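Taking it in order: structure first as structure tokens, then the write-up.
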2 protein chains.
Amino acid sequence: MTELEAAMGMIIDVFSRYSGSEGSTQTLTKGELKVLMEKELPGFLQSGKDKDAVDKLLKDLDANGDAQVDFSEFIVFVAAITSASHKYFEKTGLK
Amino acid sequence: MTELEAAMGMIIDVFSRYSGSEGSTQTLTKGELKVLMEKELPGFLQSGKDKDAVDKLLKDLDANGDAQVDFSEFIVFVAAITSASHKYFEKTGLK
């Protein structure tokens, strides 16, 4: 757990706040994932939830499970979420 | 940026330090990378450099650019290094 590894430590932690330990099984279901989004995924809120984009913050990662997103699927796509927000955040976050 | 993306802030930050404006272009070249991993991947350093192992800590993310790793490519590999981060539990449950 260096600097990069500790940041992922807190993303695995975030997942361990909202999957909570278990909330489904030890995954974000689509119905859990939403309550996390308004807090830890601003900007992906362009739809805000409506089973449409909470569904895409699922469907992207969901490929690694089914639709109950494990910590693997989540942490892997938190490293995709960076590469989504940098397409245009306020400017192109980090370009 | 969010909490999740402030954490992404620090997993990208390692790349915002070394490649941290340009160094290569704005990629980890293999020759820049080799002094970072001593600091932010200490568990890879069981190999250490070898011009063929710093090269595999390249070739896994070099999928982008054959020896010039961009930010969004390092970051995918970093979200595999989350499975090395641990030290104690989900991450390190005792920090």
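A quick note on method: Cβ atoms are made from the backbone with ideal geometry, for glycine too, and the neighbour counts reach across all protein chains shown. Values quoted throughout were computed directly from the atomic coordinates according to the rules given, and no laboratory measurement underlies them.
Below, the figures for the structure above:
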{"read-out": "At 7 Å out from Cα toward Cβ: A:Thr92 inter-copy label distances (nm, ascending)", "value": "3.7"}
{"read-out": "Net charge contributed by nearby residues that have their C-beta within less than 14 Å of B:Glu40 (K/R +1, D/E -1)", "value": "-2"}
{"read-out": "Alpha carbon centroid spacing (whole Å) that separates the stretch A:31-95 from the stretch B:57-95", "value": "19"}
{"read-out": "Descending Cα extents along the principal axes, chain A, whole Å", "value": "38, 37, 23"}
{"read-out": "Distribution of pairwise C-alpha distances over the protein assembly as shown, 5 Å bins, in %", "value": "2, 8, 16, 21, 19, 15, 11, 6, 2, 0, 0"}
{"read-out": "Contour excess over end-to-end distance, with Cα ends at A:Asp52 and A:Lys39 and 0.36 nm allotted per residue", "value": "2.9 nm"}
{"read-out": "Nm distances between copies for A:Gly20, ranked from closest, using label points 7 Å along Cα→Cβ", "value": "4.1"}
{"read-out": "Segments B:23-36, A:79-92, A:41-54 sorted - mean Cβ within 10 Å per residue, highest first", "value": "B:23-36, A:79-92, A:41-54"}
{"read-out": "Partner chain coverage, peptide A:9-21 - average Cβ within 10 angstrom", "value": "4"}
{"read-out": "Teacher prompt: B:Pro42 distances to equivalent labels in other copies, 7 Å Cα→Cβ, nm", "value": "3.3"}
{"read-out": "Shielding by other protein chains, A:33-44, mean Cβ within 10 Å", "value": "2"}
{"read-out": "Shielding by partners - mean other protein chain Cβ count within 10 Å, residues of A:67-75", "value": "2"}
